[PDB]
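Peer 1: Pasting a structure below so you can have a look.
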Amino acid sequence: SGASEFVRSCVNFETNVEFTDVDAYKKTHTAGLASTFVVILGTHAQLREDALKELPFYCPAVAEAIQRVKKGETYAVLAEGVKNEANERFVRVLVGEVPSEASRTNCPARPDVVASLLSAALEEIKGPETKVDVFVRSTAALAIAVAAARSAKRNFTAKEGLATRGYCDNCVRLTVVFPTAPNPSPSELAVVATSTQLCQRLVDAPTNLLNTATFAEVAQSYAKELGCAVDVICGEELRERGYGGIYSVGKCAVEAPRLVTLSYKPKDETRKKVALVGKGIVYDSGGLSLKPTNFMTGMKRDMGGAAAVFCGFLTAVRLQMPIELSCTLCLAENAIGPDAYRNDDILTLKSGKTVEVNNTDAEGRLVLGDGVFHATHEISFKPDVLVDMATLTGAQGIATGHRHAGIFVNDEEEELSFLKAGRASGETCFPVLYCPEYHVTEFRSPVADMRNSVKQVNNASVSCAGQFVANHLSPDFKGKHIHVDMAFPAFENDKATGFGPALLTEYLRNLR
Amino acid sequence: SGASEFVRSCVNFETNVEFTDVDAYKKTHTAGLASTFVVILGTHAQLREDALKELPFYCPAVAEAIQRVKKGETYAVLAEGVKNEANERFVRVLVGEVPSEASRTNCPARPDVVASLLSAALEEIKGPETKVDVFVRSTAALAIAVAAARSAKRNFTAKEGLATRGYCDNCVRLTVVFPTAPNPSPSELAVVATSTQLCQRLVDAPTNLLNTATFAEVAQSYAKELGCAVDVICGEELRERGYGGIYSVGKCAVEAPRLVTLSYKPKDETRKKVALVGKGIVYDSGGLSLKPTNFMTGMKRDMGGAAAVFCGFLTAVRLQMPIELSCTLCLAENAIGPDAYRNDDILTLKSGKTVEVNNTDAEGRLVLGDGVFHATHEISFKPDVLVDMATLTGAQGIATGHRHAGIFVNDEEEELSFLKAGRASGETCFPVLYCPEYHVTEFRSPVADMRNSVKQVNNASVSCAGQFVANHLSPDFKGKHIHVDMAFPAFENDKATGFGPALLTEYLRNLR
Amino acid sequence: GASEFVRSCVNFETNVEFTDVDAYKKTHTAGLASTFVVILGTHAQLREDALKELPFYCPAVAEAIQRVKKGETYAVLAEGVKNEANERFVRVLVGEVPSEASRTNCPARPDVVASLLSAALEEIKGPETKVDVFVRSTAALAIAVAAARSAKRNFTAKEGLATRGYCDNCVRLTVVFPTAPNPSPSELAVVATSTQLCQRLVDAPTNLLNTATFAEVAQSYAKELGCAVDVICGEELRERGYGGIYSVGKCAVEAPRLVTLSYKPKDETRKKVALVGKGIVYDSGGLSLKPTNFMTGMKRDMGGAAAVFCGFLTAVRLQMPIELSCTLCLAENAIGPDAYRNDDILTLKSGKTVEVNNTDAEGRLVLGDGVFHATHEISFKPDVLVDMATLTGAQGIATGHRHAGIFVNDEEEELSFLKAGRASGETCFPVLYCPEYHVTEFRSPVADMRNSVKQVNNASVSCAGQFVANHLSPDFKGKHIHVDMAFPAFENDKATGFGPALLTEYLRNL
Amino acid sequence: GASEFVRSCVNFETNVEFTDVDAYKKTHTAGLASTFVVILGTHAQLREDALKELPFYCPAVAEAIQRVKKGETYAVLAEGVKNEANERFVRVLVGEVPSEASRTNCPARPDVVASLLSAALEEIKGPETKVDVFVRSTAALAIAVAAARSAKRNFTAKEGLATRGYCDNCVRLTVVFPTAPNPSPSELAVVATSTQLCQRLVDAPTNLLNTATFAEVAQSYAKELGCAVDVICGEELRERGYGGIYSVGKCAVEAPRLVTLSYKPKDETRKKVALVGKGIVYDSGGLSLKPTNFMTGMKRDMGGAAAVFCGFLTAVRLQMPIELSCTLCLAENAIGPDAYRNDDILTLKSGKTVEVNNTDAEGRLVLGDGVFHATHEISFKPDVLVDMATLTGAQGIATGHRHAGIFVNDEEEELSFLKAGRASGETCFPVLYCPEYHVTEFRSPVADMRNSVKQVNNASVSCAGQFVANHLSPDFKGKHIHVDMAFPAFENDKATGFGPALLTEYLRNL
Ligand SMILES: [Mn+2]
Ligand SMILES: [Mn+2]
Ligand SMILES: [Mn+2]
Ligand SMILES: [Mn+2]
């Protein structure tokens with residue numbers, strides 16, 4: 001308990017966001033607004049459409065709010081004479097103006113601002129299960145769903161004794177109201193929102209609750225619930241079976257490292273075969289390459305890639321997508337102590353390749369190296385596409401920024417396809433240089449096949465960490481490889497975003 | 001053994017300083033000076049009083065020394081024709097001139113210079129139990145006692161095989177000779193001096209001798225000797241009973257953390273009720289927020305606050321003060337290893353409040369938080385005053401300096417009363433800002449009730465560490481809270497000072 | 001560029017006016033004189049019956065009062081409120097001020113008044129838009145300051161405002177107290193004017209406000225106010241033995257200057273005060289060059305001079321019964337071939353020699369010459385010397401962002417100054433006064449003293465104060481108040497105008 | 001010293017000539033025209049039958065081909081090979097070029113051609129020694145560049161070569177393609193000349209190549225080429241509102257200058273391009289002074305200006321059908337009393353105000369004035385603006401040593417530019433184009449923007465591009481290509497001449 005309550009919370013998790021449309025809303029609630037707190041979000045043009053004037057909260061104060069609000073900001077009023085289920089004299093209404101401007105590399109619905117406007121609005125909300133209606137004028141259903149899900153205040157939290165109430169402040173029930181029946185459907189969006197939120201909680205959970213054993217436990221429960229096969233290679237079995245990357249990185253920790261692989265073969269298919277691999281470093285101390293304090297804070301999030309692929313998988317099974325899937329979680333804690341793998345130790349990864357460790361804090365690529373080899377050589381099928389996701393490098397932020405995950409991809413078409421999924425999902429990406437001939441030289445070793453950390457830090461370092469992982473692909477793998485460095489997109493204002501699963505979901509959804 | 005010899009040394013400890021006056025000295029020693037080494041300390045004016053000319057070591061060379069000595073310095077002569085018990089032809093006499101100038105924030109007797117003059121004089125002394133007479137012209141008995149006690153070379157030491165002789169160089173027996181019978185009395189001053197010296201030894205003992213178990217052992221022995229009740233919550237009992245601050249900080253160490261509480265109910269009373277709480281970090285590595293070498297040296301002293309409150313308590317029981325007292329020692333070693341509490345872990349202190357750890361090297365406030373809650377909510381009485389003492393922040397030195405402990409106090413009167421005890425004892429203090437409304441914001445957490453380390457280091461950081469401790473006061477506590485940051489005053493010239501107990505003793509002595 | 005900033009400072013008038021509920025009701029008989037209203041009060045003050053009688057009170061405002069959170073605003077559109085403009089809606093912001101305040105803080109909590117008001121005024125776009133701020137606190141002076149510093153008269157060069165006096169004139173404030181205030185509205189307006197002028201001086205960049213343009217501003221005010229003014233500039237500083245300020249500033253493009261203003265009141269008085277201020281218009285560090293992230297904001301290293309200058313300005317304008325000198329220690333601490341070196345030995349005006357061991361500890365050098373000038377070179381004998389400066393990073397560590405550290409040689413006067421801090425909202429807190437421990441940190445083997453401490457962890461705020469005290473005239477038997485206001489000079493990366501009101505309140509009660 | 005370097009640049013001619021196997025066989029009927037031969041090809045190319053027909057082929061060369069390793073050279077003495085000199089032995093180096101190349105790289109792998117050739121030429125001692133380089137690749141332009149930059153025409157002041165134009169003339173190269181190349185040999189020679197001139201400009205130290213001597217070189221070329229040239233120097237920059245470039249450079253001994261060349265082609269064309277280049281002849285950091293190990297190599301901070309200048313030079317010489325302006329933003333970022341400060345507020349030519357928060361982010365300031373000049377102050381309306389600069393250390397982190405980072409506002413043009421990178425061997429790769437996220441990193445409370453990012457870990461290469469884009473004329477509706485070439489400008493601590501060929505290829509295909 002403490003941990004087993006967090007586990008129970010993850011296993012049963014439902015979202016607090018529902019989706020509908022204006023017409024269905026008007027048919028279901030003819031006895032007034034079903035809430036007393038309303039957020040209306042749209043562009044300058046969308047907020048002046050005639051249809052707005054027919055919405056159940058519209059009144060002269062709301063019309064004034066629309067005239068006064070600034071681009072990128074909310075404007076709040078108390079609306080009088082709006083009939084509502086609670087029979088309040090006043091309904092709280094917040095108008096948020098979303099910019100219309102978006103670059104070619106961004107989601108044109110600007111869910112980044114939808115999220116921040118919504119977040120700011122929901123800070124007024126005190127009480128338990130307070131019903132909030134969010135009327136949105138965008139029809140970009142998936143992107144709005146994600147934004148709403150990640151702003152709905154279902155984050156992990158241990159404030160005020162909430163450890164006893166599933167580490168959750170249940171202060172809001174959201175209803176998102178689209179102009180017309182959305183595509184995807186409300187039931188699809190709810191699955192997506194659920195995965196976004198579950199991912200968010202997994203990431204911001206501290207390591208004293210979410211460690212390698214409790215993460216594995218969650219995945220085992222989902223596997224049983226979902227009818228999926230699950231394989232766990234734990235501890236000494238990793239050493240005995242030659243998985244020296246993940247074993248060495250994790251052997252020092254109190255809870256043993258584990259490679260957890262889930263499988264899904266759809267009922268009637270199969271359109272493609274995809275292996276997912278995720279970096280599940282439940283805490284990163286640095287090992288003997290110990291991080292300073294201000295770089296060690298937030299390293300509970302170093303399992304973000306594992307949470308992403310796990311929650312993406314979860315969504316794919318739940319939406320019964322016609323794709324055969326494996327999901328491999330590379331679970332370890334990078335600890336410091338007498339047993340810690342050393343700067344100079346030589347490891348033999350499952351691939352058979354030897355690695356001279358020159359930075360113990362470059363540990364994620366080691367666990368991934370064992371993971372991608374496992375996915376491409378040790379499992380029941382031959383994937384057409386391998387996607388690995390990880391919170392890998394500080395350099396990622398320097399290169400592609402806080403809101404675009406860096407992608408290292410060995411095929412131009414599949415890179416474009418993935419970027420497209422980023423833009424539709426709002427979980428945006430951008431390419432880093434793919435040039436194996438320049439990256440491989442950064443890991444020259446005089447005593448092993450390679451080192452794990454670059455000789456020069458100023459030579460496409462996001463790409464080189466990708467290349468290191470690629471070095472442990474099975475030599476028979478002729479498929480597409482998408483490597484995702486999501487170090488910074490995994491969080492915003494010092495809170496987890498749930499980034500990854502929806503990007504992934506949208507990508508898989510569009511495979512043929 | 002090694003450790004058990006240090007323990008035996010602490011348990012039986014007596015001082016090597018005695019106190020008397022000129023008249024009693026002349027009645028007891030009519031067969032000449034009882035020593036051949038004499039130190040005479042006074043201001044420029046005090047050294048020219050007529051009474052000096054009647055003192056048993058006075059002679060023309062001593063008169064010349066008085067004329068030539070410089071303010072703040074000693075001047076040594078060999079005095080011929082002074083009759084003495086040893087029948088030496090020459091008596092060594094050192095004249096030390098103490099400045100008369102003192103600020104309103106300082107002890108007007110300037111024991112700081114008394115101590116340094118005496119220390120310098122005692123460096124001439126080689127042999128065993130060499131008798132030294134120190135004639136002082138100040139009547140500030142308590143301050144002189146402390147200065148003398150801390151300069152008498154009864155420090156911890158392991159030089160030259162002295163591990164077998166109680167880790168003590170017994171090179172000096174001091175007699176301090178006041179102008180007239182002192183207030184406090186010689187027997188009172190001897191108790192004070194004993195506590196000052198015991199505190200000095202505790203602080204400068206290395207952790208391989210004084211750890212959480214051997215400190216507890218010392219306290220248990222004193223409790224039995226003194227007729228005081230003692231309560232020990234050790235190891236897993238701390239975890240099981242919800243003391244998650246002190247437990248987590250200390251769980252990684254080889255010797256388990258412990259909360260040790262002593263109690264004293266006087267025979268006939270009670271004038272006030274006082275809880276003492278002390279930071280007993282027997283070594284501070286930093287934990288995962290590992291200190292660099294030059295900040296890790298001297299961290300054997302991170303138990304100074306526990307030594308202070310323990311030795312103050314000791315003095316109060318021995319002088320049979322009319323005050324009900326608890327003394328809680330918060331004992332832990334802040335170690336590094338696989339089991340170390342992490343930067344991101346969330347702890348539940350005994351207070352029920354959750355703490356997100358953002359610096360494992362801000363550990364003292366965690367152990368104190370459990371300590372002050374224990375003192376204000378878990379013990380047999382309701383204190384009127386809580387005093388916590390600790391070597392807390394480097395900032396303390398920046399703010400109030402090497403010789404003034406920083407005090408964070410929630411009541412103006414009690415702060416003044418405490419400053420007054422500082423000035424009388426020579427163990428001087430100075431206030432840091434008390435402004436809870438500004439401090440509490442420095443520990444905002446997105447996932448717990450609070451963080452443990454400030455967001456900004458340049459915003460009254462000595463005060464904020466005080467506020468953190470205050471956050472875990474029992475919500476029913478309506479009393480006075482005195483928080484003492486004594487990081488720098490705990491040592492001088494790279495040796496422990498024994499700071500704390502006399503300050504404390506003087507404060508308790510004057511309560512009504 | 002610079003002469004437009006100068007003209008802007010010289011002619012400066014506040015945008016804040018003060019009144020009370022009763023006078024407001026008598027003058028504005030057609031309803032509210034504005035369509036944007038802020039009402040600020042404690043939880044209790046916001047539930048008094050008197051609130052219900054105020055001209056913006058209505059059911060939406062009542063609901064706002066019920067929903068607002070402590071320390072936050074809650075905005076509504078109020079319908080059916082009579083207003084001069086006959087708008088259907090009046091914008092009303094309810095701000096709840098905490099009632100809780102420590103013994104070291106202003107009990108009216110102007111810190112939160114200022115942040116609530118500032119947040120409310122972000123909604124105001126257009127030119128000279130009228131805003132009424134109804135406050136339930138009677139702490140007039142503290143409210144005035146908070147309002148003044150939040151009224152958006154800050155220095156700014158955005159959007160071509162260089163041509164409009166480097167000022168976005170988007171707001172006219174009227175502050176409405178429950179009853180006629182003490183001090184009076186005309187007094188509060190002078191205070192507010194000085195707060196705002198100080199704010200603009202501090203946040204002006206050095207390419208506009210250098211040693212010559214600051215001196216120019218002071219010279220203009222002196223002429224306007226009938227005050228005598230003395231300027232010792234450049235080589236005159238060297239020739240006359242002011243080697244502290246001269247050496248610190250001699251490398252800069254614009255020469256160092258000691259500028260001293262004097263005021264003898266119309267009516268006789270006994271109280272005599274010298275003010276001395278650190279006017280380092282920019283601090284590069286000199287050869288002890290600051291890294292970039294410590295060099296940003298060093299345009300504010302003249303905050304102490306701005307404080308004393310604006311306090312002086314208030315005292316003259318209110319005709320306070322105190323004889324006053326105000327010495328501005330103006331220099332730019334530059335780097336170059338001519339820069340004073342780490343090892344150079346300087347002879348300050350006091351005749352004491354100083355071995356420079358950190359060229360970035362320059363403020364105490366210019367102050368050392370300043371305080372000697374004020375205590376020995378000057379036509380009168382001050383009873384009190386107050387020096388104000390943005391001196392040490394340590395100040396923040398010790399006393400924090402909102403409390404200036406004070407080093408004071410007299411207990412009573414220190415309490416008196418703390419009291420002025422609490423009444424003005426420009427709060428202070430003591431640092432250790434113990435000369436016997438500070439003086440040892442500046443031992444030199446070749447000069448009377450060094451300028452920088454040997455140990456940084458030994459009451460360093462206090463030691464910088466002690467250094468300045470070392471150059472007091474040996475005649476001076478008076479009270480010395482040293483104010484380290486490094487952090488209180490700014491908030492959210494904008495100048496606060498801290499200093500002048502603290503000072504004004506102290507002088508007012510002397 | 002300086003005028004000898006100037007004369008050297010003005011009269012510069014390449015030492016590389018281009019031909020093909022058939023023309024070589026017709027002209028050199030007495031056998032090989034050299035006694036030092038390099039043969040470079042892939043594993044497959046080196047085993048074709050055609051190799052056996054080449055004039056240095058013999059059994060030792062055949063053995064060399066069998067033994068050489070991928071990415072390395074293998075040297076022999078070839079006996080019995082007919083040569084003009086009738087030497088018994090001809091020195092022959094076989095270099096195997098990898099065939100593998102990523103989609104982001106030049107498939108002829110000129111990176112390895114260059115390093116193989118460079119290694120081979122280390123064996124060459126004497127003056128004007130003839131070397132034949134037989135290449136099996138038909139990627140003419142990429143080979144030309146590689147050869148040009150490896151031909152040992154670098155700047156050098158070793159062994160008194162200051163008197164011999166700062167040039168070790170130890171090699172004459174003849175590059176022999178399999179068939180008559182496209183582009184033609186006379187075209188490749190112009191390209192090679194520009195590559196080499198660019199190389200020399202970059203690695204020249206600032207005591208030779210400052211703002212005046214660079215301007216002098218450009219003025220000479222303009223006269224020689226019949227191109228108009230405009231120079232705005234020193235106080236004319238201040239007086240005319242070019243406060244970015246003026247402020248950055250005003251502290252230096254040699255005044256800042258905006259130098260703009262123009263070319264209208266003989267034959268009519270529609271395509272109009274403005275080039276703008278960062279010409280920071282030395283970057284100390286200014287008051288944000290660089291540490292020594294970051295200050296070394298900052299003579300190369302004018303690489304972008306050299307690139308655009310040498311590209312322009314090529315375009316004029318090949319008579320390309322494109323109207324061209326070339327603006328060199330020349331300044332030295334110096335430290336001293338007059339240095340622009342961290343906090344100063346500048347007014348760029350665009351009229352936008354900039355609060356300086358890092359004086360070492362100076363290149364974007366000079367470029368901001370440059371791109372505004374090109375888009376608003378100039379006789380024509382460019383369809384495309386290309387700015388080139390050695391901007392950020394982050395560039396290397398993001399896109400590496402051999403790929404310049406490109407920030408481009410149009411997808412198609414970005415692809416077009418990447419394609420020119422791959423054909424030229426002077427390769428690029430995109431950085432994130434997302435203005436809506438970049439602009440927030442330069443929020444200022446007192447000016448339109450800051451110059452340095454608030455967060456360093458938020459697409460910092462892209463944000464420096466965005467800063468420059470902020471000073472584009474608001475009229476400008478065209479394509480903007482921003483090139484951060486900080487690391488590709490050098491290799492093994494020697495200038496590469498990167499930029500001009502990339503540029504030339506892009507313009508050629510426009
Ligand atoms: Mn790591
Ligand atoms: Mn610590
Ligand atoms: Mn300075
Ligand atoms: Mn620079």
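Please note that chains go A, B, ... in the order of the structure tokens, that every chain numbers its residues from 1, and that ligands are numbered from 1 in the order shown.
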Please report as JSON lines every residue of chain B lying within 6 Å of ligand 2, along with the nearest atom pair and their distance in Å (one decimal), using only C-alpha atoms and all ligand atoms.
Peer 2:
{"residue": "B:284", "atom": "CA", "partner": "ligand 2", "partner_atom_place_in_ligand_line": "1 (Mn)", "distance": 5.6}
{"residue": "B:286", "atom": "CA", "partner": "ligand 2", "partner_atom_place_in_ligand_line": "1 (Mn)", "distance": 5.0}
{"residue": "B:361", "atom": "CA", "partner": "ligand 2", "partner_atom_place_in_ligand_line": "1 (Mn)", "distance": 3.5}
{"residue": "B:362", "atom": "CA", "partner": "ligand 2", "partner_atom_place_in_ligand_line": "1 (Mn)", "distance": 4.7}
{"residue": "B:363", "atom": "CA", "partner": "ligand 2", "partner_atom_place_in_ligand_line": "1 (Mn)", "distance": 5.1}
Peer 1: Within 8 Å of chain B, which residues of chain A show up when using only C-alpha atoms, listed as a list in words?
Peer 2: residues 156, 157, 158, 159, 160, 161, 206, 207, 208, 252, 253, 254, 285, 290, 292, 293, 296, 297, 298, 299, 300, 335, 336, 337, 338, 494 and 495 of chain A
Peer 1: Got a sec to pull out which chain C residues are within 9 Å of chain B, counting only C-alpha atoms, and send them as a ChimeraX atom specification?
Peer 2: /C:100-105,393-403,409-411,429-437,456-462,487
Peer 1: What residues in chain D have any atom no more than 6 Å from chain C when counting only C-alpha atoms, and can you write them as a PDB file with N, CA and C atoms, in the first residue's frame?
Peer 2:
ATOM      1  N   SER D 288      29.696  40.529 -22.775  1.00  0.00           N
ATOM      2  CA  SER D 288      29.453  39.103 -22.594  1.00  0.00           C
ATOM      3  C   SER D 288      30.653  38.311 -23.134  1.00  0.00           C
ATOM      4  N   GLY D 336      35.210  47.157 -24.389  1.00  0.00           N
ATOM      5  CA  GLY D 336      35.787  48.426 -23.951  1.00  0.00           C
ATOM      6  C   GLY D 336      34.741  49.340 -23.349  1.00  0.00           C
ATOM      7  N   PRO D 337      35.126  50.586 -23.030  1.00  0.00           N
ATOM      8  CA  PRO D 337      34.245  51.580 -22.434  1.00  0.00           C
ATOM      9  C   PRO D 337      33.006  51.864 -23.284  1.00  0.00           C
ATOM     10  N   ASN D 342      24.768  45.031 -21.925  1.00  0.00           N
ATOM     11  CA  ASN D 342      23.654  44.172 -21.505  1.00  0.00           C
ATOM     12  C   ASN D 342      22.649  45.004 -20.701  1.00  0.00           C
ATOM     13  N   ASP D 343      21.585  45.429 -21.371  1.00  0.00           N
ATOM     14  CA  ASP D 343      20.486  46.340 -20.866  1.00  0.00           C
ATOM     15  C   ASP D 343      20.241  47.507 -21.808  1.00  0.00           C
ATOM     16  N   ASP D 344      21.237  47.898 -22.602  1.00  0.00           N
ATOM     17  CA  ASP D 344      21.023  48.962 -23.571  1.00  0.00           C
ATOM     18  C   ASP D 344      19.833  48.619 -24.466  1.00  0.00           C
ATOM     19  N   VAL D 446      10.593  46.158 -21.660  1.00  0.00           N
ATOM     20  CA  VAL D 446      10.888  47.566 -21.979  1.00  0.00           C
ATOM     21  C   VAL D 446      11.147  47.871 -23.456  1.00  0.00           C
ATOM     22  N   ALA D 447      11.171  46.865 -24.314  1.00  0.00           N
ATOM     23  CA  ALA D 447      11.423  47.091 -25.725  1.00  0.00           C
ATOM     24  C   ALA D 447      10.595  46.121 -26.525  1.00  0.00           C
ATOM     25  N   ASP D 448      10.586  46.260 -27.843  1.00  0.00           N
ATOM     26  CA  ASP D 448       9.826  45.310 -28.687  1.00  0.00           C
ATOM     27  C   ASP D 448      10.277  43.844 -28.502  1.00  0.00           C
TER      28      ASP D 448
END
Peer 1: Could you pull out all residues of region 274-398 of chain A with a DSSP call of helix (DSSP H, G or I) and give them as JSON, numbers by chain?
Peer 2: {"A": [293, 294, 295, 296, 299, 300, 301, 302, 303, 304, 305, 306, 307, 308, 309, 310, 311, 312, 313, 314, 315, 316, 317, 318, 364, 365, 366, 367, 368, 369, 370, 371, 372, 373, 374, 375, 376, 377, 395, 396, 397, 398]}
Peer 1: Choose the residue, out of D:483, D:280, D:305, D:501, that has the smallest atom-to-atom separation from ligand 4; count only C-alpha atoms and all ligand atoms.
Peer 2: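 Using only C-alpha atoms and all ligand atoms, ligand 4 sits closest to D:280.
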Peer 1: Residues near region 189-196 of chain A, anyone? I mean within 6 Å using only C-alpha atoms, not counting same-chain ones fewer than 6 positions away, as a VMD selection string.
Peer 2: chain A and resid 14 to 15 146 149 311 498
Peer 1: Compile the contact shell of residue 19 (chain D) as a list in words: residues with an atom at most 8 Å away, counting only C-alpha atoms, same-chain residues fewer than 4 positions apart removed.
Peer 2: residues 23, 24, 174, 175, 176, 177, 180, 181 and 185 of chain D
Peer 1: Rounded to one decimal, what separation in Å do you get between CA of residue 68 (chain C) and CA of residue 47 (chain C)?
Peer 2: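 Value for the CA of residue 68 (chain C)-CA of residue 47 (chain C) distance: 12.3 Å.
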Peer 1: So what do you get for CA of residue 495 (chain D) versus CA of residue 199 (chain D), distance-wise?
Peer 2: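 Pair CA of residue 495 (chain D) / CA of residue 199 (chain D) returns 5.2 Å.
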Peer 1: List the spatial neighbours of residue 184 (chain C) as a PyMOL selection string - criterion: any atom at most 10 Å away, only C-alpha atoms, same-chain residues fewer than 2 positions off excluded.
Peer 2: chain C and resi 18-19+140-141+180-182+186-189
Peer 1: Skipping near chain neighbours, those fewer than 4 positions away, what residues fall within 12 Å of residue 224 (chain D) using only C-alpha atoms, listed as a list in words?
Peer 2: residues 10, 11, 217, 218, 219, 220, 228, 229, 313, 316 and 317 of chain D
Peer 1: Take the residues from that selection and put them in a file with N, CA, C and O atoms, as a CSV table (one decimal), in the first residue's frame.
Peer 2:
chain,number,residue,atom,x,y,z
D,10,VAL,N,42.5,40.0,-54.0
D,10,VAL,CA,42.0,40.8,-55.1
D,10,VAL,C,42.4,40.1,-56.5
D,10,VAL,O,41.6,40.0,-57.4
D,11,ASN,N,43.6,39.6,-56.5
D,11,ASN,CA,44.2,38.9,-57.7
D,11,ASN,C,44.1,37.4,-57.7
D,11,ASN,O,44.7,36.8,-58.5
D,217,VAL,N,38.5,44.8,-50.2
D,217,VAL,CA,38.5,43.7,-51.2
D,217,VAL,C,37.2,43.7,-52.0
D,217,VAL,O,37.3,43.6,-53.2
D,218,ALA,N,36.1,43.9,-51.3
D,218,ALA,CA,34.8,44.0,-52.0
D,218,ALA,C,34.7,45.1,-53.0
D,218,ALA,O,34.1,45.0,-54.1
D,219,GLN,N,35.2,46.3,-52.6
D,219,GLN,CA,35.2,47.4,-53.5
D,219,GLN,C,36.1,47.2,-54.8
D,219,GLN,O,35.6,47.6,-55.9
D,220,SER,N,37.2,46.5,-54.6
D,220,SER,CA,38.1,46.2,-55.7
D,220,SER,C,37.4,45.3,-56.7
D,220,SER,O,37.4,45.5,-57.9
D,228,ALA,N,27.9,47.7,-59.2
D,228,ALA,CA,27.8,48.9,-58.3
D,228,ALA,C,27.9,48.4,-56.8
D,228,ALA,O,27.7,47.3,-56.5
D,229,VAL,N,28.5,49.3,-56.0
D,229,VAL,CA,28.8,49.0,-54.6
D,229,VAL,C,28.5,50.2,-53.8
D,229,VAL,O,28.8,51.4,-54.2
D,313,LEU,N,30.3,36.6,-56.4
D,313,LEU,CA,31.5,36.6,-57.3
D,313,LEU,C,31.4,35.6,-58.4
D,313,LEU,O,31.6,35.9,-59.6
D,316,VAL,N,28.4,36.5,-60.8
D,316,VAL,CA,28.7,37.5,-61.8
D,316,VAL,C,29.7,37.0,-62.9
D,316,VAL,O,29.5,37.1,-64.1
D,317,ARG,N,30.6,36.2,-62.4
D,317,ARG,CA,31.7,35.6,-63.4
D,317,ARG,C,31.1,34.6,-64.4
D,317,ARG,O,31.6,34.6,-65.5
Peer 1: Write out as a compact mmCIF listing (two decimals) with C-alpha atoms, in the first residue's frame which residues come within 8 Å of residue 226 (chain B) when counting only C-alpha atoms, dropping same-chain ones fewer than 3 positions away.
Peer 2:
# COMPACT_ATOMS: atom_id res chain seq x y z
CA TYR B 222 22.73 10.00 30.58
CA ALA B 223 19.01 9.47 30.88
CA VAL B 317 18.69 18.69 34.71
CA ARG B 318 22.04 19.04 36.56
Peer 1: At what distance in Å, to one decimal, does CA of residue 392 (chain C) lie from CA of residue 325 (chain C)?
Peer 2: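 A separation of 25.0 Å between them.
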Peer 1: Nearest to residue 243 (chain C): which of C:4, C:362, C:168, C:128 is it, counting only C-alpha atoms?
Peer 2: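 Under the stated criterion, the closest residue is C:362.
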Peer 1: Would you please extract all strand (DSSP E) residues from region 249-342 of chain C, as assigned by DSSP on the backbone, and give them as an NGL selection string?
Peer 2: :C and (257-263 or 272-283 or 323-333)
